[PDB]
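Presented as structure tokens, the chain that follows is alone, the form deposited in one PDB entry.
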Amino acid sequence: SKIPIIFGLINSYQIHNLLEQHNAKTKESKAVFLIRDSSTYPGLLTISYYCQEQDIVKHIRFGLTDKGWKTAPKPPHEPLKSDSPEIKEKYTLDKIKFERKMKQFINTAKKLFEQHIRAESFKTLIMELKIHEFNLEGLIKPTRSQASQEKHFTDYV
């Protein structure tokens, strides 16, 4: 009857309310966090937490590699109305780089996500959370109806 520790596709309002319910805003950044299915890239996991320094919720994506779960390529900073041509020209190159790297990363991550449903990959997720200094005692656990229904996570308990 065990519930996975991974959330399914939850919305931004729910993510913020879960972090606030667990007092993320009165604790150090990363002291409280949740793990959910990525809503942009199937097969990836997204860690959501509160960043005290900026007073915003932040997200970091992980995907399977041959070594286990690892940090995915990060996208370049969003365009702004105020952007100068110099900003925009650099964004072009950084966006192409991000798209190329994410394409290769997803291709490998999705193949691994699909084959080892019964997974000693779980321990490698814990390792990467530790390297990123997430307080494992601060993991928010989903209720049964909110947990991921992805088969890879059935035993992520």
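Only residues modelled in both forms are compared. When you see a residue number, it is the position in the sequence shown, counting from 1. For clarity, a rigid core is taken as the largest C-alpha set superposing within 1.5 Å between two forms.
**Prompt:** Of 84 to 92 and 124 to 132, which one has the bigger average CA B-factor?
**Reply:** The stretch with the larger average C-alpha B-factor is 84 to 92.
**Asked** Comparing 108 to 116 with 65 to 73, which stretch shows the greater average C-alpha B-factor in the deposited entry?
**Response** Averaging CA B-factors over each stretch, the winner is 108 to 116.
**Asked** Ranked by Cα temperature factor within the chain, is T26 in the lowest third, the middle third or the highest third?
**Response** Its C-alpha B-factor belongs to the highest third of this chain's values.
**Prompt:** Is the Cα B-factor recorded for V157 in the lowest, middle or highest third of its chain?
**Reply:** As the PDB entry reports it, the C-alpha B-factor of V157 lands in the highest third of its chain.
The same protein also has a form deposited in another entry, omitted here; what follows describes it.
**Residue among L129, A119, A31, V57 whose Cα moves 2 Å or more between this form and the one not shown, once the rigid core is superposed** = Single residue meeting the criterion: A119.
**Request:** Answer yes if the Cα of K97 shifts by 2 angstroms or more between this form and the one not shown on a rigid-core superposition, and no otherwise.
**Result:** After core superposition, the displacement of the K97 C-alpha between this form and the one not shown stays below 2 Å, so no.
**Request:** Given a change of 3 Å or more, say if the Cα atoms of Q14 and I117 sit closer or farther in the other form than in this form.
**Result:** Their C-alpha distance grows by at least 3 Å in the other form.
**Asked** Relative to the superposed rigid core, which consecutive-residue segments of length 3 or more display CA displacements of 2 Å or more between this form and the one not shown?
**Response** When the rigid core is held fixed, residues 80 to 90, 116 to 119 are the runs that shift.
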